[PDB]
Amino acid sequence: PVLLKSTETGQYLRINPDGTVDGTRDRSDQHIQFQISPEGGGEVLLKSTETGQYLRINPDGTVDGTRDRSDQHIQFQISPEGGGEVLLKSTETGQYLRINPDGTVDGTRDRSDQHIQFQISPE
């Protein structure tokens, strides 16, 4: 598995069993492990290894987890930023994943937002 870490806040992305998505700085957290899997040729899915839920950015900017594999809002493009950092962009809505300092997670189209930069790391 990999971890998905907000570089600006040090928070790891977490999909909880209840379907909510938030951030935590707890490395022993049982729900921060992800599998990145191919979707067709150019996209990926971001899947919780412990729960089997895929990360979803909804059109309204909310972010949650779903096991609905037909969902069109679970596909992401990973874009390099330089310095081992990446952006995680939902292809359907053009929104970047953001972890806010308060631990909430949502989407934004603002590419200049500092809170959308991630580091992917093997755990």
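The first residue of the sequence shown is number 1, and the count goes up from there.
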item	value
Segment of higher mean CA temperature factor, 19-27 or 98-106	19-27
Segment of higher mean CA temperature factor, 73-81 or 44-52	73-81
C-alpha B-factor winner, where the candidates are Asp64, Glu92, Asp68, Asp60	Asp68
Ranked against its chain, the third holding the CA B-factor of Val2	highest
Third of the chain, ranked by Cα B-factor, where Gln114 sits	highest
